[PDB]
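Inspection log for the structure reproduced underneath, given as structure tokens.
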Amino acid sequence: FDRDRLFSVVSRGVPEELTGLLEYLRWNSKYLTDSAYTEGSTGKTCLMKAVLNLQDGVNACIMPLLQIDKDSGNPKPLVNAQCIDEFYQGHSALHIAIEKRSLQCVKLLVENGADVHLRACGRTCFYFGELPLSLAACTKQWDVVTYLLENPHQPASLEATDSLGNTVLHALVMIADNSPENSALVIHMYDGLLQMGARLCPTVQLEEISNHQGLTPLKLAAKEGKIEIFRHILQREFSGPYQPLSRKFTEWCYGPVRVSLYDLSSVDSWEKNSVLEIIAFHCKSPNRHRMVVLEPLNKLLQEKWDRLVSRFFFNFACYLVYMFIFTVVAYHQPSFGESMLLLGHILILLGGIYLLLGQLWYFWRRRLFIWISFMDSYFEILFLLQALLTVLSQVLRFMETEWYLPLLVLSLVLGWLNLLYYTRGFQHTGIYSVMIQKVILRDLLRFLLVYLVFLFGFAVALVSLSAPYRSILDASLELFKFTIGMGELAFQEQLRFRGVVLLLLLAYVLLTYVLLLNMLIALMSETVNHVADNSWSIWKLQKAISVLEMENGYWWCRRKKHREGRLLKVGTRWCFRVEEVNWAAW
């Protein structure tokens with residue numbers, strides 16, 4: 001019956017759940033819908049309440065409850081109580097039992113048949129993998145995970161997918177955290193499951209299954225910013241009977257030298273969407289600059305940066321030549337002839353078209369998505385802006401318009417200003433790389449706005465109080481001179497008797513001094529801290545971005561990527577020789 005009194009008596013009212021009658025005879029009419037109205041309140045079942053019991057004795061009484069009923073006129077939905085609430089959909093009692101640390105309960109539940117490949121969702125606030133095996137692995141239940149996949153007549157596939165395409169290995173990475181108490185658990189369970197996978201089915205590699213978006217556990221650990229598990233996977237050296245299928249093995253260890261062969265699944269060539277692109281481009285975590293100082297990556301980055309450093313300075317020289325030519329042509333503007341002005345105009349127009357096409361191609365390829373909108377792309381917008389201004393100014397010359405000269409001059413100024421993009425070559429300007437964006441953002445576009453607001457509020461008052469012809473030009477020009485140190489104050493004539501005019505300037509100078517004093521302290525506050533490290537890593541990230549961008553080639557296709565490694569012997573595999581030299585001194 002649906003009466004709550006009977007269920008309360010059976011479950012909690014009295015441990016004597018063996019009433020005898022129950023639904024043993026004449027109750028076999030229930031064959032279509034044995035849930036909701038007849039079982040549970042709205043989305044639960046009697047099995048869920050039975051498995052919620054704490055004492056082992058009453059837990060052992062579950063088997064008599066489902067005895068005979070498991071093979072009675074009751075239909076197939078015996079244990080798989082798929083909730084239709086759309087909120088806890090498919091949250092059968094098996095997941096609850098696995099959540100409980102008891103082993104005999106889950107053993108009894110699985111021995112009665114049931115199913116282990118049922119999802120926990122149909123698409124809360126706790127993502128574990130939406131699978132029984134995934135939940136058991138994430139809950140660190142060694143006995144449950146050991147028993148689920150081998151012992152029963154119906155096993156659980158180790159490479160079973162998920163709603164999003166994940167597997168247990170992906171799930172162990174998604175739930176990972178930088179906290180050591182969770183990092184140790186994740187690493188230990190990942191290693192144990194990887195080792196057991198070899199025993200179960202060694203004919204399939206578990207770290208090659210991709211998500212619906214094409215990511216593997218190594219790449220999934222890099223996109224999401226998880227550093228500890230990523231570091232462990234990069235430097236995995238587990239050996240013994242399962243020494244093969246690893247990542248870092250030493251070749252010889254003569255003295256302090258420990259030359260080793262790091263495996264490479266993070267090579268740009270012959271592999272699209274590698275780990276380096278994900279770290280550099282497709283990442284938004286605060287740790288993205290900390291994942292590039294790792295040992296197997298620094299050597300690969302330097303061996304490409306040194307090999308491709310001539311082109312950086314070649315482009316630098318070619319840009320300096322273009323800027324010198326632009327300045328020379330601009331300076332000799334009449335307002336020799338027909339021999340240098342025409343050639344300079346043609347060269348400037350061609351140079352502008354070149355930089356316009358290059359920046360358009362760069363934006364089309366890379367930034368089809370959001371560029372974090374706040375970092376690492378300012379110099380890629382300033383180049384486009386300068387090229388567009390130069391092209392427009394050079395076009396407007398043929399129209400005999402008066403706006404050609406201001407646009408040309410502004411383009412020249414912006415082109416000279418953009419030369420700071422190359423300060424990251426041999427020049428170790430990492431000191432300015434720290435306080436070059438954290439001092440302009442939120443500090444020059446936030447406090448300067450208030451200063452402009454005060455200036456424009458005082459200029460109009462000065463004009464309206466008193467011959468000033470323009471409200472926002474005549475008074476503003478003299479009001480701005482207080483900041484630079486050229487403001488002039490006087491008692492003036494006696495047409496308005498003045499007085500308040502002096503008071504307004506006295507207020508203005510005090511306000512524009514206290515604002516500067518506060519602005520200085522605001523930027524100083526971020527100097528006492530962020531000193532220990534917090535540098536030399538973002539510089540390496542910028543160098544990595546530059547190296548990755550260069551290898552794609554120029555606007556045309558006069559560049560093709562080349563191989564990085566070689567078919568080194570597996571041992572029973574493209575590898576990179578890292579000649580570690582560390583004085584452990586033991």
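Following the order of the structure tokens, first chain is A, next is B, and so on, with residues numbered from 1 inside each chain and ligands from 1 in the order they appear.
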
Checklist entry - Residues at most 7 Å from residue 579 of chain A, counting only C-alpha atoms, excluding those fewer than 3 positions away in the same chain, as a ChimeraX atom specification? => result /A:257-260

Since we have the selection now, will you write its residues out, keeping N, CA, C and O atoms, as a compact mmCIF listing (two decimals), in the first residue's frame?
# COMPACT_ATOMS: atom_id res chain seq x y z
N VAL A 257 75.27 12.90 -13.51
CA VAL A 257 74.54 12.98 -14.77
C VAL A 257 73.45 11.92 -14.79
O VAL A 257 73.71 10.74 -14.50
N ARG A 258 72.24 12.32 -15.15
CA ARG A 258 71.06 11.45 -15.14
C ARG A 258 70.29 11.60 -16.45
O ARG A 258 69.08 11.83 -16.45
N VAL A 259 71.00 11.50 -17.57
CA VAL A 259 70.37 11.68 -18.88
C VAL A 259 69.22 10.70 -19.04
O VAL A 259 69.37 9.49 -18.83
N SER A 260 68.05 11.22 -19.42
CA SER A 260 66.83 10.43 -19.52
C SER A 260 66.14 10.72 -20.84
O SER A 260 66.47 11.68 -21.54

Would you mind listing what lies within 12 Å of residue 350 of chain A as a short mmCIF file (atom, residue, chain, number, x, y, z; two decimals) with N, CA, C and O atoms, in the first residue's frame, with only C-alpha atoms counted and same-chain residues fewer than 4 positions away left out?
data_model
loop_
_atom_site.label_atom_id
_atom_site.label_comp_id
_atom_site.auth_asym_id
_atom_site.auth_seq_id
_atom_site.Cartn_x
_atom_site.Cartn_y
_atom_site.Cartn_z
N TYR A 322 61.36 50.08 -42.09
CA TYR A 322 60.06 50.61 -42.49
C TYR A 322 59.71 51.87 -41.71
O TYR A 322 59.24 52.85 -42.30
N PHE A 326 59.22 55.62 -43.16
CA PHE A 326 57.99 56.35 -42.89
C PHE A 326 58.27 57.72 -42.30
O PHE A 326 57.67 58.72 -42.72
N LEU A 343 57.80 57.37 -54.57
CA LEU A 343 58.32 56.08 -54.13
C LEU A 343 58.01 55.85 -52.65
O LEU A 343 57.61 54.74 -52.26
N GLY A 344 58.17 56.88 -51.83
CA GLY A 344 57.84 56.74 -50.42
C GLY A 344 56.37 56.47 -50.19
O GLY A 344 56.00 55.64 -49.36
N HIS A 345 55.50 57.16 -50.94
CA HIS A 345 54.06 56.92 -50.82
C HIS A 345 53.71 55.48 -51.20
O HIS A 345 52.95 54.81 -50.49
N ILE A 346 54.27 55.00 -52.31
CA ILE A 346 53.99 53.63 -52.74
C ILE A 346 54.49 52.63 -51.70
O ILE A 346 53.78 51.68 -51.34
N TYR A 354 50.47 45.18 -46.23
CA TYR A 354 51.09 43.95 -45.73
C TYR A 354 50.72 43.69 -44.28
O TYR A 354 50.27 42.59 -43.93
N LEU A 355 50.89 44.69 -43.41
CA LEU A 355 50.56 44.53 -42.00
C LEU A 355 49.06 44.42 -41.76
O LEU A 355 48.66 43.82 -40.76
N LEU A 356 48.23 44.99 -42.63
CA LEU A 356 46.79 44.77 -42.51
C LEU A 356 46.43 43.32 -42.79
O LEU A 356 45.70 42.69 -42.02
N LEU A 357 46.94 42.77 -43.90
CA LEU A 357 46.64 41.39 -44.26
C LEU A 357 47.18 40.42 -43.22
O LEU A 357 46.50 39.45 -42.86
N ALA A 387 48.15 49.88 -38.88
CA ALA A 387 48.12 49.56 -40.30
C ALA A 387 46.86 50.12 -40.96
O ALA A 387 46.94 50.68 -42.06
N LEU A 388 45.71 50.00 -40.29
CA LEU A 388 44.48 50.54 -40.85
C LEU A 388 44.54 52.05 -40.98
O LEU A 388 44.12 52.61 -42.01
N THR A 390 47.25 53.91 -41.32
CA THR A 390 48.18 54.24 -42.40
C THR A 390 47.53 54.05 -43.76
O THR A 390 47.67 54.90 -44.65
N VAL A 391 46.81 52.94 -43.95
CA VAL A 391 46.17 52.69 -45.24
C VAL A 391 45.12 53.75 -45.53
O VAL A 391 45.05 54.29 -46.64
N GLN A 394 46.84 57.09 -46.40
CA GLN A 394 47.44 57.08 -47.73
C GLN A 394 46.37 57.09 -48.82
O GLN A 394 46.60 57.64 -49.90
N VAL A 395 45.21 56.48 -48.57
CA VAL A 395 44.13 56.52 -49.55
C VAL A 395 43.55 57.92 -49.66
O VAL A 395 43.25 58.40 -50.76
#

Next on the checklist: Which of segment 371-482 of chain A end up as alpha helix (DSSP H) when DSSP is run on this backbone - answer as a PyMOL selection string?
Outcome noted: chain A and resi 378-396+404-417+430-434+447-465+474-482

Checklist entry - From the list A:79, A:405, A:200, A:455, which residue is nearest residue 156 of chain A when using only C-alpha atoms? => result A:200

Checklist entry - Using only C-alpha atoms, which residues sit within 9 Å of residue 90 of chain A once same-chain residues fewer than 4 positions away are excluded, as a list in words? => result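 The filter keeps residues 80, 81, 82, 83, 84, 86, 118, 119, 120, 121 and 122 of chain A.
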
Long-range neighbours of residue 305 of chain A as a PDB file with N, CA and C atoms, in the first residue's frame, 10 Å cut-off, only C-alpha atoms, 5 positions minimum in chain:
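Okay, this is what ended up in out.pdb:
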ATOM      1  N   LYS A 299      63.310  22.517 -21.920  1.00  0.00           N
ATOM      2  CA  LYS A 299      64.268  22.133 -22.946  1.00  0.00           C
ATOM      3  C   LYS A 299      63.661  22.170 -24.340  1.00  0.00           C
ATOM      4  N   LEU A 300      62.435  21.671 -24.501  1.00  0.00           N
ATOM      5  CA  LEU A 300      61.783  21.698 -25.803  1.00  0.00           C
ATOM      6  C   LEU A 300      61.509  23.120 -26.270  1.00  0.00           C
ATOM      7  N   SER A 310      66.958  33.932 -35.180  1.00  0.00           N
ATOM      8  CA  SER A 310      67.407  34.832 -36.237  1.00  0.00           C
ATOM      9  C   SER A 310      66.236  35.579 -36.865  1.00  0.00           C
ATOM     10  N   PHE A 312      63.402  36.520 -35.536  1.00  0.00           N
ATOM     11  CA  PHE A 312      62.890  37.585 -34.681  1.00  0.00           C
ATOM     12  C   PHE A 312      63.637  38.892 -34.917  1.00  0.00           C
ATOM     13  N   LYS A 543      57.461  34.225 -24.474  1.00  0.00           N
ATOM     14  CA  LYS A 543      58.396  33.650 -25.437  1.00  0.00           C
ATOM     15  C   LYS A 543      57.819  32.404 -26.098  1.00  0.00           C
ATOM     16  N   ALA A 544      57.134  31.557 -25.326  1.00  0.00           N
ATOM     17  CA  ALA A 544      56.508  30.370 -25.895  1.00  0.00           C
ATOM     18  C   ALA A 544      55.421  30.745 -26.894  1.00  0.00           C
ATOM     19  N   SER A 546      55.334  33.483 -28.693  1.00  0.00           N
ATOM     20  CA  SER A 546      56.022  33.969 -29.887  1.00  0.00           C
ATOM     21  C   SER A 546      56.574  32.818 -30.718  1.00  0.00           C
ATOM     22  N   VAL A 547      57.181  31.826 -30.062  1.00  0.00           N
ATOM     23  CA  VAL A 547      57.741  30.685 -30.783  1.00  0.00           C
ATOM     24  C   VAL A 547      56.643  29.900 -31.487  1.00  0.00           C
ATOM     25  N   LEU A 548      55.521  29.668 -30.801  1.00  0.00           N
ATOM     26  CA  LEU A 548      54.415  28.942 -31.418  1.00  0.00           C
ATOM     27  C   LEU A 548      53.853  29.706 -32.608  1.00  0.00           C
ATOM     28  N   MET A 550      55.481  31.920 -34.559  1.00  0.00           N
ATOM     29  CA  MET A 550      56.421  32.025 -35.672  1.00  0.00           C
ATOM     30  C   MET A 550      56.370  30.798 -36.576  1.00  0.00           C
TER      31      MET A 550
END

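With only C-alpha atoms as the atoms that count, the residue of A:191, A:85, A:551, A:271 with the shortest distance to residue 237 of chain A is A:191.
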
Please provide the set of residues having any atom within 10 Å of segment 410-425 of chain A, restricted to only C-alpha atoms, with same-chain residues fewer than 3 positions apart removed, written as a PDB file with N, CA, C and O atoms, in the first residue's frame.
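Contents of around08.pdb, as written:
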ATOM      1  N   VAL A 309      65.718  32.098 -33.538  1.00  0.00           N
ATOM      2  CA  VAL A 309      65.931  33.436 -32.999  1.00  0.00           C
ATOM      3  C   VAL A 309      66.415  34.420 -34.062  1.00  0.00           C
ATOM      4  O   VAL A 309      66.291  35.637 -33.862  1.00  0.00           O
ATOM      5  N   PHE A 312      63.402  36.520 -35.536  1.00  0.00           N
ATOM      6  CA  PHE A 312      62.890  37.585 -34.681  1.00  0.00           C
ATOM      7  C   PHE A 312      63.637  38.892 -34.917  1.00  0.00           C
ATOM      8  O   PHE A 312      63.021  39.938 -35.159  1.00  0.00           O
ATOM      9  N   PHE A 313      64.970  38.848 -34.890  1.00  0.00           N
ATOM     10  CA  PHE A 313      65.742  40.066 -35.107  1.00  0.00           C
ATOM     11  C   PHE A 313      65.720  40.499 -36.567  1.00  0.00           C
ATOM     12  O   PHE A 313      65.836  41.695 -36.855  1.00  0.00           O
ATOM     13  N   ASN A 315      62.996  40.317 -38.440  1.00  0.00           N
ATOM     14  CA  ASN A 315      61.757  41.086 -38.476  1.00  0.00           C
ATOM     15  C   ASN A 315      61.919  42.420 -37.759  1.00  0.00           C
ATOM     16  O   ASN A 315      61.365  43.436 -38.192  1.00  0.00           O
ATOM     17  N   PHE A 316      62.673  42.434 -36.658  1.00  0.00           N
ATOM     18  CA  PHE A 316      62.927  43.687 -35.949  1.00  0.00           C
ATOM     19  C   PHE A 316      63.640  44.697 -36.843  1.00  0.00           C
ATOM     20  O   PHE A 316      63.252  45.871 -36.905  1.00  0.00           O
ATOM     21  N   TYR A 319      61.346  45.977 -39.564  1.00  0.00           N
ATOM     22  CA  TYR A 319      60.387  46.950 -39.056  1.00  0.00           C
ATOM     23  C   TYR A 319      61.050  48.294 -38.783  1.00  0.00           C
ATOM     24  O   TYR A 319      60.444  49.348 -39.017  1.00  0.00           O
ATOM     25  N   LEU A 320      62.291  48.280 -38.286  1.00  0.00           N
ATOM     26  CA  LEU A 320      63.014  49.533 -38.088  1.00  0.00           C
ATOM     27  C   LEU A 320      63.254  50.258 -39.406  1.00  0.00           C
ATOM     28  O   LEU A 320      63.137  51.489 -39.464  1.00  0.00           O
ATOM     29  N   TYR A 322      61.357  50.076 -42.089  1.00  0.00           N
ATOM     30  CA  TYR A 322      60.061  50.614 -42.486  1.00  0.00           C
ATOM     31  C   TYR A 322      59.710  51.874 -41.706  1.00  0.00           C
ATOM     32  O   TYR A 322      59.238  52.851 -42.295  1.00  0.00           O
ATOM     33  N   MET A 323      59.939  51.878 -40.394  1.00  0.00           N
ATOM     34  CA  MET A 323      59.662  53.065 -39.594  1.00  0.00           C
ATOM     35  C   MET A 323      60.562  54.243 -39.943  1.00  0.00           C
ATOM     36  O   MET A 323      60.086  55.384 -39.978  1.00  0.00           O
ATOM     37  N   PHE A 324      61.851  54.002 -40.201  1.00  0.00           N
ATOM     38  CA  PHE A 324      62.727  55.090 -40.627  1.00  0.00           C
ATOM     39  C   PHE A 324      62.272  55.677 -41.957  1.00  0.00           C
ATOM     40  O   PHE A 324      62.253  56.902 -42.129  1.00  0.00           O
ATOM     41  N   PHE A 326      59.223  55.623 -43.162  1.00  0.00           N
ATOM     42  CA  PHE A 326      57.988  56.351 -42.894  1.00  0.00           C
ATOM     43  C   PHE A 326      58.266  57.723 -42.296  1.00  0.00           C
ATOM     44  O   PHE A 326      57.665  58.715 -42.724  1.00  0.00           O
ATOM     45  N   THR A 327      59.175  57.801 -41.322  1.00  0.00           N
ATOM     46  CA  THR A 327      59.494  59.088 -40.710  1.00  0.00           C
ATOM     47  C   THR A 327      60.125  60.041 -41.720  1.00  0.00           C
ATOM     48  O   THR A 327      59.785  61.230 -41.756  1.00  0.00           O
ATOM     49  N   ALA A 330      57.432  61.276 -44.072  1.00  0.00           N
ATOM     50  CA  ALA A 330      56.510  62.183 -43.397  1.00  0.00           C
ATOM     51  C   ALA A 330      57.140  63.549 -43.162  1.00  0.00           C
ATOM     52  O   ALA A 330      56.464  64.579 -43.270  1.00  0.00           O
ATOM     53  N   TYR A 378      47.228  43.084 -26.593  1.00  0.00           N
ATOM     54  CA  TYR A 378      47.225  44.516 -26.872  1.00  0.00           C
ATOM     55  C   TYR A 378      48.097  44.849 -28.074  1.00  0.00           C
ATOM     56  O   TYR A 378      47.693  45.617 -28.956  1.00  0.00           O
ATOM     57  N   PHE A 379      49.299  44.275 -28.132  1.00  0.00           N
ATOM     58  CA  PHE A 379      50.187  44.540 -29.254  1.00  0.00           C
ATOM     59  C   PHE A 379      49.686  43.930 -30.553  1.00  0.00           C
ATOM     60  O   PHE A 379      50.129  44.354 -31.624  1.00  0.00           O
ATOM     61  N   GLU A 380      48.779  42.959 -30.492  1.00  0.00           N
ATOM     62  CA  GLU A 380      48.186  42.408 -31.701  1.00  0.00           C
ATOM     63  C   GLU A 380      46.990  43.210 -32.187  1.00  0.00           C
ATOM     64  O   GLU A 380      46.512  42.968 -33.299  1.00  0.00           O
ATOM     65  N   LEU A 382      47.130  46.852 -31.560  1.00  0.00           N
ATOM     66  CA  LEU A 382      47.776  48.109 -31.927  1.00  0.00           C
ATOM     67  C   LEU A 382      48.381  48.044 -33.322  1.00  0.00           C
ATOM     68  O   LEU A 382      48.315  49.026 -34.070  1.00  0.00           O
ATOM     69  N   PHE A 383      48.980  46.909 -33.692  1.00  0.00           N
ATOM     70  CA  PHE A 383      49.502  46.761 -35.047  1.00  0.00           C
ATOM     71  C   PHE A 383      48.398  46.888 -36.088  1.00  0.00           C
ATOM     72  O   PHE A 383      48.572  47.583 -37.097  1.00  0.00           O
ATOM     73  N   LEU A 385      45.512  48.432 -35.746  1.00  0.00           N
ATOM     74  CA  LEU A 385      45.023  49.807 -35.747  1.00  0.00           C
ATOM     75  C   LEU A 385      45.966  50.724 -36.516  1.00  0.00           C
ATOM     76  O   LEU A 385      45.520  51.548 -37.325  1.00  0.00           O
ATOM     77  N   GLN A 386      47.273  50.588 -36.285  1.00  0.00           N
ATOM     78  CA  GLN A 386      48.240  51.426 -36.984  1.00  0.00           C
ATOM     79  C   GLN A 386      48.226  51.153 -38.481  1.00  0.00           C
ATOM     80  O   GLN A 386      48.284  52.088 -39.289  1.00  0.00           O
ATOM     81  N   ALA A 387      48.154  49.880 -38.875  1.00  0.00           N
ATOM     82  CA  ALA A 387      48.115  49.558 -40.298  1.00  0.00           C
ATOM     83  C   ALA A 387      46.865  50.124 -40.958  1.00  0.00           C
ATOM     84  O   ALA A 387      46.935  50.680 -42.062  1.00  0.00           O
ATOM     85  N   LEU A 388      45.714  50.000 -40.294  1.00  0.00           N
ATOM     86  CA  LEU A 388      44.477  50.535 -40.853  1.00  0.00           C
ATOM     87  C   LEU A 388      44.540  52.052 -40.985  1.00  0.00           C
ATOM     88  O   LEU A 388      44.120  52.609 -42.008  1.00  0.00           O
ATOM     89  N   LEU A 389      45.065  52.738 -39.964  1.00  0.00           N
ATOM     90  CA  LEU A 389      45.186  54.190 -40.041  1.00  0.00           C
ATOM     91  C   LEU A 389      46.121  54.605 -41.167  1.00  0.00           C
ATOM     92  O   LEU A 389      45.831  55.554 -41.904  1.00  0.00           O
ATOM     93  N   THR A 390      47.249  53.908 -41.320  1.00  0.00           N
ATOM     94  CA  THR A 390      48.177  54.238 -42.396  1.00  0.00           C
ATOM     95  C   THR A 390      47.530  54.047 -43.761  1.00  0.00           C
ATOM     96  O   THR A 390      47.667  54.901 -44.645  1.00  0.00           O
ATOM     97  N   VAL A 391      46.811  52.936 -43.949  1.00  0.00           N
ATOM     98  CA  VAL A 391      46.166  52.687 -45.235  1.00  0.00           C
ATOM     99  C   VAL A 391      45.117  53.753 -45.528  1.00  0.00           C
ATOM    100  O   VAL A 391      45.049  54.286 -46.642  1.00  0.00           O
ATOM    101  N   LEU A 392      44.290  54.090 -44.534  1.00  0.00           N
ATOM    102  CA  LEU A 392      43.263  55.104 -44.747  1.00  0.00           C
ATOM    103  C   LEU A 392      43.880  56.461 -45.067  1.00  0.00           C
ATOM    104  O   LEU A 392      43.408  57.171 -45.964  1.00  0.00           O
ATOM    105  N   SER A 393      44.938  56.836 -44.343  1.00  0.00           N
ATOM    106  CA  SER A 393      45.583  58.121 -44.585  1.00  0.00           C
ATOM    107  C   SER A 393      46.199  58.175 -45.975  1.00  0.00           C
ATOM    108  O   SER A 393      46.103  59.196 -46.666  1.00  0.00           O
ATOM    109  N   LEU A 405      46.696  64.554 -43.445  1.00  0.00           N
ATOM    110  CA  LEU A 405      47.870  64.811 -42.611  1.00  0.00           C
ATOM    111  C   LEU A 405      47.672  64.387 -41.160  1.00  0.00           C
ATOM    112  O   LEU A 405      48.590  63.765 -40.594  1.00  0.00           O
ATOM    113  N   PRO A 406      46.563  64.714 -40.482  1.00  0.00           N
ATOM    114  CA  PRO A 406      46.406  64.237 -39.097  1.00  0.00           C
ATOM    115  C   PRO A 406      46.429  62.725 -38.972  1.00  0.00           C
ATOM    116  O   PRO A 406      47.037  62.197 -38.031  1.00  0.00           O
ATOM    117  N   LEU A 407      45.795  62.010 -39.904  1.00  0.00           N
ATOM    118  CA  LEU A 407      45.817  60.554 -39.856  1.00  0.00           C
ATOM    119  C   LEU A 407      47.222  60.014 -40.078  1.00  0.00           C
ATOM    120  O   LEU A 407      47.650  59.086 -39.383  1.00  0.00           O
ATOM    121  N   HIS A 428      66.587  41.200 -21.492  1.00  0.00           N
ATOM    122  CA  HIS A 428      65.883  40.561 -20.381  1.00  0.00           C
ATOM    123  C   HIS A 428      65.118  41.638 -19.619  1.00  0.00           C
ATOM    124  O   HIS A 428      65.519  42.104 -18.550  1.00  0.00           O
ATOM    125  N   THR A 429      63.984  42.040 -20.196  1.00  0.00           N
ATOM    126  CA  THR A 429      63.130  43.074 -19.627  1.00  0.00           C
ATOM    127  C   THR A 429      61.981  42.482 -18.816  1.00  0.00           C
ATOM    128  O   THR A 429      60.880  43.042 -18.793  1.00  0.00           O
ATOM    129  N   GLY A 430      62.220  41.349 -18.154  1.00  0.00           N
ATOM    130  CA  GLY A 430      61.177  40.736 -17.350  1.00  0.00           C
ATOM    131  C   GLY A 430      60.769  41.577 -16.159  1.00  0.00           C
ATOM    132  O   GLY A 430      59.679  41.395 -15.609  1.00  0.00           O
ATOM    133  N   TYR A 432      60.140  44.840 -16.253  1.00  0.00           N
ATOM    134  CA  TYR A 432      59.018  45.623 -16.753  1.00  0.00           C
ATOM    135  C   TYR A 432      57.839  44.756 -17.166  1.00  0.00           C
ATOM    136  O   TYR A 432      56.703  45.242 -17.178  1.00  0.00           O
ATOM    137  N   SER A 433      58.081  43.486 -17.504  1.00  0.00           N
ATOM    138  CA  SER A 433      56.983  42.595 -17.866  1.00  0.00           C
ATOM    139  C   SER A 433      56.029  42.380 -16.701  1.00  0.00           C
ATOM    140  O   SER A 433      54.848  42.087 -16.912  1.00  0.00           O
ATOM    141  N   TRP A 539      57.324  35.807 -18.579  1.00  0.00           N
ATOM    142  CA  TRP A 539      58.227  36.082 -19.691  1.00  0.00           C
ATOM    143  C   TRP A 539      58.443  34.835 -20.542  1.00  0.00           C
ATOM    144  O   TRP A 539      58.422  34.906 -21.778  1.00  0.00           O
ATOM    145  N   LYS A 540      58.634  33.680 -19.897  1.00  0.00           N
ATOM    146  CA  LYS A 540      58.756  32.429 -20.638  1.00  0.00           C
ATOM    147  C   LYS A 540      57.470  32.089 -21.376  1.00  0.00           C
ATOM    148  O   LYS A 540      57.519  31.545 -22.483  1.00  0.00           O
ATOM    149  N   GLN A 542      55.338  34.293 -22.635  1.00  0.00           N
ATOM    150  CA  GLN A 542      55.308  35.164 -23.808  1.00  0.00           C
ATOM    151  C   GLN A 542      56.274  34.676 -24.882  1.00  0.00           C
ATOM    152  O   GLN A 542      55.952  34.701 -26.079  1.00  0.00           O
ATOM    153  N   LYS A 543      57.461  34.225 -24.474  1.00  0.00           N
ATOM    154  CA  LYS A 543      58.396  33.650 -25.437  1.00  0.00           C
ATOM    155  C   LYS A 543      57.819  32.404 -26.098  1.00  0.00           C
ATOM    156  O   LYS A 543      57.999  32.202 -27.303  1.00  0.00           O
ATOM    157  N   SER A 546      55.334  33.483 -28.693  1.00  0.00           N
ATOM    158  CA  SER A 546      56.022  33.969 -29.887  1.00  0.00           C
ATOM    159  C   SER A 546      56.574  32.818 -30.718  1.00  0.00           C
ATOM    160  O   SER A 546      56.458  32.821 -31.951  1.00  0.00           O
TER     161      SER A 546
END

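The interatomic distance for the pair atom CA of residue 229 of chain A and atom CA of residue 183 of chain A works out to 6.9 Å.
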
Checklist entry - Near residue 466 of chain A, counting only C-alpha atoms, which residues have an atom at most 10 Å away, once you skip same-chain residues fewer than 3 positions from it, shown as number ranges by chain? => result A: 461-463, 495-496, 498, 501

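For the pair atom CA of residue 399 of chain A and atom CA of residue 360 of chain A, the interatomic distance is 25.9 Å.
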
Next on the checklist: So the first atom is atom CA of residue 570 of chain A and the second is atom CA of residue 245 of chain A; what is the distance between them in Å, to one decimal place?
Outcome noted: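 Rounded to one decimal, the two atoms are 9.0 Å apart.
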
Nearby residues (only C-alpha atoms) at most 8 Å from residue 158 of chain A, same-chain spacing under 5 positions excluded, as a compact mmCIF listing (two decimals) with N, CA, C and O atoms, in the first residue's frame:
# COMPACT_ATOMS: atom_id res chain seq x y z
N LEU A 149 34.68 -5.05 -11.52
CA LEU A 149 35.05 -5.22 -12.92
C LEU A 149 35.51 -6.62 -13.29
O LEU A 149 35.58 -6.93 -14.48
N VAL A 168 36.69 6.97 -16.58
CA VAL A 168 37.09 7.09 -15.18
C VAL A 168 38.36 7.91 -15.06
O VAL A 168 38.52 8.69 -14.11
N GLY A 197 44.55 -1.87 -15.13
CA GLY A 197 44.10 -1.97 -16.51
C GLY A 197 44.97 -2.89 -17.34
O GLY A 197 44.48 -3.58 -18.24

For segment 18-78 of chain A against segment 4-9 of chain A, with a cut-off of 12 Å and counting only C-alpha atoms, what is the closest atom pair and its distance in Å to one decimal for every residue that makes the cut, ordered by chain and number, as JSON lines?
{"residue": "A:18", "atom": "CA", "partner": "A:9", "partner_atom": "CA", "distance": 11.1}
{"residue": "A:19", "atom": "CA", "partner": "A:9", "partner_atom": "CA", "distance": 10.2}
{"residue": "A:22", "atom": "CA", "partner": "A:6", "partner_atom": "CA", "distance": 10.0}
{"residue": "A:37", "atom": "CA", "partner": "A:4", "partner_atom": "CA", "distance": 11.5}
{"residue": "A:38", "atom": "CA", "partner": "A:4", "partner_atom": "CA", "distance": 10.9}
{"residue": "A:39", "atom": "CA", "partner": "A:7", "partner_atom": "CA", "distance": 9.7}
{"residue": "A:40", "atom": "CA", "partner": "A:7", "partner_atom": "CA", "distance": 9.0}
{"residue": "A:41", "atom": "CA", "partner": "A:4", "partner_atom": "CA", "distance": 8.6}
{"residue": "A:45", "atom": "CA", "partner": "A:7", "partner_atom": "CA", "distance": 10.8}
{"residue": "A:46", "atom": "CA", "partner": "A:7", "partner_atom": "CA", "distance": 8.2}
{"residue": "A:47", "atom": "CA", "partner": "A:7", "partner_atom": "CA", "distance": 11.6}
{"residue": "A:49", "atom": "CA", "partner": "A:7", "partner_atom": "CA", "distance": 9.5}
{"residue": "A:50", "atom": "CA", "partner": "A:7", "partner_atom": "CA", "distance": 10.5}
